[PDB]
Structures are given as C-alpha cells and as structure tokens.
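Engineer: There's a structure below that I have some questions on.
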Amino acid sequence: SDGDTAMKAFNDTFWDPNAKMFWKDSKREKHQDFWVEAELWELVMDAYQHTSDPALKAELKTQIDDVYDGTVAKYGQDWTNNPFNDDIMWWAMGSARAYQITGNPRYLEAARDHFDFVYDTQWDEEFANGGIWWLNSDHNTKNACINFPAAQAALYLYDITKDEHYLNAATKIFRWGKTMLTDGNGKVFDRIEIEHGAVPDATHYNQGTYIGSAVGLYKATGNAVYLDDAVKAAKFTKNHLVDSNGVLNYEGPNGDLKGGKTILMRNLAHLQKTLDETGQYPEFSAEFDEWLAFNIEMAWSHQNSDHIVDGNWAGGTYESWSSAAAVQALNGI
C-alpha cells in the first residue's frame with residue numbers, strides 16, 4: 001500500500017518518540033508548531049482509518065494517544081490561554097476525531113470544552129453581522145481559518161452527540177462564512193478585518209475547510225445546496241490555485257501556508273467519496289478524479305529514496321508540514 005509506505009516513511013523521518021511530537025524538519029532541532037501538530041495528528045488518524053494492515057493500524061492507534069500526550073506535556077490540557085482561537089479549534093476538531101476512534105472521554109471533554117469556549121465567547125454579531133474572531137486577545141479580524149474549522153468541529157460534535165446545538169452552530173457559522181468570506185462561486189477569502197473589509201486572498205487550506213464543512217453539512221442536513229457549494233469551491237481550487245500545468249501551487253514562503261495542501265487533500269477526499277457514493281455531478285467527478293490523480297502522481301514521482309515528498313509537487317532538509325501533503329494524499333477517507 002503506498003499510503004502505508006508513505007506514513008511509515010513520514011514517521012521514520014519526523015516522529016520523535018521521546019517527546020511524543022513531530023519534528024519541524026529533518027534537522028530535528030525544533031518540534032512542530034502547535035496548530036500544525038493538530039494537523040499531523042489528523043494525518044495519523046487518516047492513516048489509521050485508511051490502512052488494511054492490522055499491525056500498522058494498532059501502532060497508529062497508539063500514536064493517536066501519544067501525539068496528545070506529548071502536546072499536553074508541553075502545553076497543558078487547557079488551551080484557552082492560547083490567544084489564537086484557530087489554534088484552539090484545530091485541537092478541538094482533532095480531539096473530537098480522536099474520541100471517535102478511541103472512546104477515551106478525555107478527548108470528548110477536550111473537544112466540547114474548547115469548542116464551547118470559542119463559540120460561546122468569540123462569536124460576534126456586531127462586526128460583519130456574525131462570525132468568530134481570529135484571536136481572543138484582540139478583536140480585529142474574523143478569518144476563514146477559524147470559522148470553517150469551527151463549522152467542522154461542530155459537525156464532528158453533532159455526529160458524536162446528536163445534540164442539535166452543534167448542528168445549529170455548524171449551519172450558522174457556515175451560512176455566515178459563505179456570505180461574508182466567499183464570492184458565492186467558490187472563492188474563499190482569507191479574512192474580514194475591522195476598519196478594512198474583506199481580504200480576498202485565497203489559499204489551499206481555506207478552500208479545504210470550506211469544502212469539508214460543506215460536505216459535512218450536506219450529509220447532516222440533506223440539503224443539496226451544500227454539495228453544490230463544495231463542488232464550486234473544488235472547481236475554483238483546480239482552475240485557479242494551480243500552476244500552468246494544473247499542479248497545485250507551492251504556497252510559500254509563509255510557513256503556515258507551505259503545508260496547506262495537507263488540509264486541502266484531506267477535505268477533497270471527503271468530496272470525492274460523496275460524489276462517488278451519490279453519483280451526483282458525474283461530469284465534474286470524472287474531471288476532478290483525473291486532476292487529483294495527476295497531482296498525486298506528479299508529487300510521488302518526486303519522492304526521494306526515503307519515500308519523502310517535498311511540498312513543491314512540481315519539482316537537503318525536508319520539513320514535516322510541507323512533506324505531509326503527499327502522505328495525506330495517499331491516505332484519504
């Protein structure tokens with residue numbers, strides 16, 4: 001299985017079993033940034049769900065717990081001292097998923113308590129008619145990178161609890177985000193800043209969380225508009241966040257964006273699964289499948305002898321966030 005080989009290689013290159021955290025790069029001098037560590041945590045979970053190897057599956061299941069332990073040892077269990085609401089929500093979402101896989105109540109408490117802190121205290125109706133603030137320290141911007149992940153976290157919590165509160169939250173957050181943080185035709189804007197307005201800079205990871213939240217909402221509500229929303233945002237990504245050959249951009253030099261294809265691929269897998277299961281949008285589904293396969297083959301044709309693929313899919317020290325995207329691409333669920 002290429003997704004098994006890719007995950008094992010990733011772990012062999014970047015996992016630190018002593019600190020129970022991923023290294024930031026192959027120099028192994030600094031561990032991964034907090035928010036990105038949640039995204040690598042979800043990569044472990046995706047590999048767990050994808051693999052048919054029982055021995056690897058059990059190792060990855062243990063690793064789910066170890067990633068949490070290593071982070072809690074350094075950052076504590078209560079993340080509400082972190083001024084970034086996005087950081088908190090990435091961890092709440094990962095925790096909800098970890099609960100689904102393990103049944104360990106620590107994860108349900110972490111997901112619920114952190115979600116509630118952000119949604120109950122950081123949602124505001126006065127600026128821009130809604131939306132969650134990026135930071136809890138200063139209220140100056142409302143961003144795709146907290147709002148769409150929050151809708152996603154709410155959808156996972158709805159699936160766990162079946163409490164309407166969470167479905168209602170997801171619906172409200174997404175309606176606001178679609179209205180204020182997109183163009184209505186699948187372009188997702190980075191943020192809306194007070195005293196400025198929208199900043200219409202699109203990126204892979206924001207296309208991703210928009211698509212995942214839309215697919216999740218389609219599944220929870222049965223409203224076809226949400227699938228349409230997801231398709232439009234996928235089309236935009238394929239046509240406009242790519243180079244002249246159709247290969248996904250290398251976003252960069254900003255370190256947070258470099259690995260964003262990870263999040264994009266995670267969520268494109270959701271859309272692909274839903275199109276395949278429903279038989280909706282069959283023309284687009286065929287175009288989308290061909291383009292995905294093309295991208296993933298380009299990427300893997302550039303693997304090094306250790307089975308690591310740098311984030312520059314179109315072409316020394318390797319970085320775990322940049323290199324995660326190719327691994328995610330082979331472990332989609």
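Labels used: A, B, ... for chains in the order of the structure tokens, numbers from 1 for residues in each chain, and numbers from 1 for ligands as shown.
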Report as a ChimeraX atom specification: the residues of range 107-251 of chain A with a DSSP assignment of strand (DSSP E), based on the backbone of this structure.

Structural biologist: /A:141-143,191-193,197-199

Engineer: Can those selected residues be exported to a file as a short mmCIF file (atom, residue, chain, number, x, y, z; two decimals), in the first residue's frame so that it contains N, CA and C atoms?

Structural biologist:
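File written: selection09.cif
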data_model
loop_
_atom_site.label_atom_id
_atom_site.label_comp_id
_atom_site.auth_asym_id
_atom_site.auth_seq_id
_atom_site.Cartn_x
_atom_site.Cartn_y
_atom_site.Cartn_z
N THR A 141 -10.18 40.93 13.56
CA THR A 141 -10.41 40.21 12.31
C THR A 141 -11.15 38.90 12.55
N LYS A 142 -11.94 38.51 11.55
CA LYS A 142 -12.66 37.22 11.58
C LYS A 142 -12.22 36.46 10.30
N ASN A 143 -11.73 35.24 10.50
CA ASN A 143 -10.91 34.59 9.48
C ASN A 143 -11.49 33.24 9.05
N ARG A 191 -10.02 36.52 5.19
CA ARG A 191 -10.49 37.13 6.43
C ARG A 191 -11.30 38.41 6.08
N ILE A 192 -11.98 38.95 7.11
CA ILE A 192 -12.64 40.23 7.05
C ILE A 192 -12.09 41.01 8.27
N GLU A 193 -11.45 42.17 8.00
CA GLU A 193 -10.75 42.93 9.02
C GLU A 193 -11.57 44.18 9.35
N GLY A 197 -12.43 45.67 5.76
CA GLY A 197 -13.35 44.83 4.99
C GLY A 197 -12.66 43.50 4.61
N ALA A 198 -13.20 42.90 3.58
CA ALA A 198 -12.72 41.56 3.16
C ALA A 198 -11.31 41.68 2.58
N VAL A 199 -10.53 40.60 2.82
CA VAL A 199 -9.23 40.44 2.19
C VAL A 199 -9.33 39.19 1.32
#

Engineer: Would you pick out the contacts of range 203-217 of chain A at 7 Å or less, using only C-alpha atoms, so that residues sharing its chain but fewer than 4 positions from it are not included, and give the list as a PyMOL selection string?

Structural biologist: chain A and resi 144-145+148-149+151-152+155+188+221+226-227+229-230+233+237+260-261+263-264+267-268+270-271

Engineer: What's the 9 Å shell around residue 295 in chain A, counting only C-alpha atoms, without same-chain residues fewer than 2 positions away, as a list in words?

Structural biologist: residues 246, 247, 248, 290, 291, 292, 293, 297, 298, 299, 300, 313 and 314 of chain A

Engineer: Given the selection you just returned, output its residues as a file containing C-alpha atoms, formatted as a PDB file, in the first residue's frame.

Structural biologist:
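Listed below is the output, part_30.pdb:
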ATOM      1  CA  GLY A 246      -2.670  22.131 -13.276  1.00  0.00           C
ATOM      2  CA  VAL A 247      -0.352  21.154 -10.418  1.00  0.00           C
ATOM      3  CA  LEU A 248      -1.420  22.678  -7.082  1.00  0.00           C
ATOM      4  CA  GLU A 290      -8.346  12.807 -13.304  1.00  0.00           C
ATOM      5  CA  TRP A 291      -6.910  16.023 -11.895  1.00  0.00           C
ATOM      6  CA  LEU A 292      -6.411  14.534  -8.381  1.00  0.00           C
ATOM      7  CA  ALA A 293      -4.671  11.504  -9.793  1.00  0.00           C
ATOM      8  CA  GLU A 297       1.357  11.058  -9.341  1.00  0.00           C
ATOM      9  CA  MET A 298       3.410  14.234 -10.039  1.00  0.00           C
ATOM     10  CA  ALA A 299       4.074  14.540  -6.305  1.00  0.00           C
ATOM     11  CA  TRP A 300       5.093  10.873  -5.789  1.00  0.00           C
ATOM     12  CA  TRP A 313       4.986  18.887  -6.087  1.00  0.00           C
ATOM     13  CA  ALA A 314       6.068  20.295  -9.495  1.00  0.00           C
TER      14      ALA A 314
END

Engineer: I'd like the interatomic distance between CA of residue 10 in chain A and CA of residue 39 in chain A, to a tenth of an Å.

Structural biologist: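 Interatomic distance here is 13.8 Å.
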
Engineer: Please determine, counting only C-alpha atoms, which residue among A:330, A:296, A:275, A:286 has the shortest atom-to-atom distance to residue 5 in chain A.

Structural biologist: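 Using only C-alpha atoms, residue 5 in chain A sits closest to A:330.
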
Engineer: Among range 77-206 of chain A, which residues does DSSP mark as alpha helix (DSSP H) when it is run on the backbone? Keep the chain and numbering as in the structure and answer as a ChimeraX atom specification.

Structural biologist: /A:85-102,105-122,144-161,164-180,204-206

Engineer: Using only C-alpha atoms, which residues sit within 12 Å of residue 99 in chain A once same-chain residues fewer than 4 positions away are excluded, as a list in words?

Structural biologist: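 Within the cut-off, the hits are residues 45, 61, 64, 65, 68, 92, 93, 94, 95, 103, 104, 105, 106, 107, 108, 109, 110, 111, 112, 156, 157, 159, 160 and 161 of chain A.
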
Engineer: Write the residues of the preceding selection, restricted to C-alpha atoms, as an mmCIF file, in the first residue's frame.

Structural biologist:
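The result, written out as again15.cif:
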data_model
loop_
_atom_site.group_PDB
_atom_site.id
_atom_site.type_symbol
_atom_site.label_atom_id
_atom_site.label_comp_id
_atom_site.auth_asym_id
_atom_site.auth_seq_id
_atom_site.Cartn_x
_atom_site.Cartn_y
_atom_site.Cartn_z
ATOM 1 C CA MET A 45 -5.897 9.380 12.236
ATOM 2 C CA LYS A 61 -3.879 3.897 17.186
ATOM 3 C CA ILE A 64 -3.057 8.873 18.332
ATOM 4 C CA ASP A 65 -2.786 8.869 22.103
ATOM 5 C CA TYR A 68 -1.977 14.126 22.512
ATOM 6 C CA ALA A 92 -10.840 20.751 19.424
ATOM 7 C CA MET A 93 -11.540 19.243 15.978
ATOM 8 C CA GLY A 94 -8.691 16.771 16.291
ATOM 9 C CA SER A 95 -9.901 15.828 19.788
ATOM 10 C CA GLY A 103 -13.729 6.295 23.012
ATOM 11 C CA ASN A 104 -11.380 7.873 25.632
ATOM 12 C CA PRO A 105 -13.508 10.540 27.421
ATOM 13 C CA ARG A 106 -10.578 12.901 27.863
ATOM 14 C CA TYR A 107 -10.961 13.645 24.136
ATOM 15 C CA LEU A 108 -14.716 14.373 24.320
ATOM 16 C CA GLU A 109 -14.115 16.771 27.264
ATOM 17 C CA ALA A 110 -11.252 18.471 25.320
ATOM 18 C CA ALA A 111 -13.343 18.840 22.128
ATOM 19 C CA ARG A 112 -16.510 20.063 23.846
ATOM 20 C CA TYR A 156 -17.995 16.141 14.398
ATOM 21 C CA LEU A 157 -19.561 17.006 17.750
ATOM 22 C CA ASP A 159 -22.102 13.239 14.903
ATOM 23 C CA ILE A 160 -20.842 12.185 18.367
ATOM 24 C CA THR A 161 -23.652 13.651 20.481
#

Engineer: I need the residue nearest residue 78 in chain A from this list: A:281, A:189, A:134, A:115. Use only C-alpha atoms for the distance.

Structural biologist: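 Answer, going by the shortest atom-to-atom distance: A:115.
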
Engineer: Which residue out of A:28, A:137, A:283, A:166 has the minimum interatomic distance to residue 120 in chain A when only C-alpha atoms are used?

Structural biologist: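 Going through A:28, A:137, A:283, A:166 one by one, the smallest distance to residue 120 in chain A is for A:166.
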
Engineer: Per residue of range 84-108 of chain A within 8 Å of range 29-38 of chain A, note the shortest atom pair and the distance in Å to one decimal, counting only C-alpha atoms, and order the rows by chain and increasing residue number, as JSON lines.

Structural biologist:
{"residue": "A:86", "atom": "CA", "partner": "A:35", "partner_atom": "CA", "distance": 7.8}
{"residue": "A:87", "atom": "CA", "partner": "A:35", "partner_atom": "CA", "distance": 4.9}
{"residue": "A:88", "atom": "CA", "partner": "A:35", "partner_atom": "CA", "distance": 7.8}
{"residue": "A:90", "atom": "CA", "partner": "A:38", "partner_atom": "CA", "distance": 6.1}
{"residue": "A:91", "atom": "CA", "partner": "A:38", "partner_atom": "CA", "distance": 5.5}
{"residue": "A:94", "atom": "CA", "partner": "A:38", "partner_atom": "CA", "distance": 6.1}

Engineer: For the residues in that selection, give me N, CA, C and O atoms as a tab-separated table (two decimals), in the first residue's frame.

Structural biologist:
chain	number	residue	atom	x	y	z
A	86	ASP	N	-8.03	30.01	16.39
A	86	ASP	CA	-7.80	28.96	15.36
A	86	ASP	C	-6.99	27.78	15.96
A	86	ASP	O	-7.41	26.63	15.89
A	87	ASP	N	-5.91	28.10	16.69
A	87	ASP	CA	-5.12	27.05	17.30
A	87	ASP	C	-6.01	26.15	18.18
A	87	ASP	O	-5.91	24.93	18.17
A	88	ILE	N	-6.83	26.79	19.00
A	88	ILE	CA	-7.71	26.08	19.91
A	88	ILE	C	-8.67	25.18	19.13
A	88	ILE	O	-8.81	24.01	19.48
A	90	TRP	N	-8.44	23.99	15.98
A	90	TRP	CA	-7.79	22.88	15.27
A	90	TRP	C	-7.64	21.67	16.24
A	90	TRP	O	-7.86	20.51	15.85
A	91	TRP	N	-7.24	21.96	17.48
A	91	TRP	CA	-7.11	20.94	18.53
A	91	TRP	C	-8.48	20.37	19.00
A	91	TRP	O	-8.58	19.18	19.26
A	94	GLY	N	-9.43	17.99	16.18
A	94	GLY	CA	-8.69	16.77	16.29
A	94	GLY	C	-9.14	15.91	17.46
A	94	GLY	O	-9.24	14.68	17.35

Engineer: Pick out the closest residue to residue 179 in chain A from this set: A:129, A:305, A:322, A:249. Count only C-alpha atoms.

Structural biologist: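 Looking at the shortest contact to residue 179 in chain A, the residue is A:129.
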
Engineer: Rank nothing, just name the residue among A:195, A:317, A:306, A:97 nearest to residue 46 in chain A, using only C-alpha atoms.

Structural biologist: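 Closest to residue 46 in chain A of all the choices is A:97.
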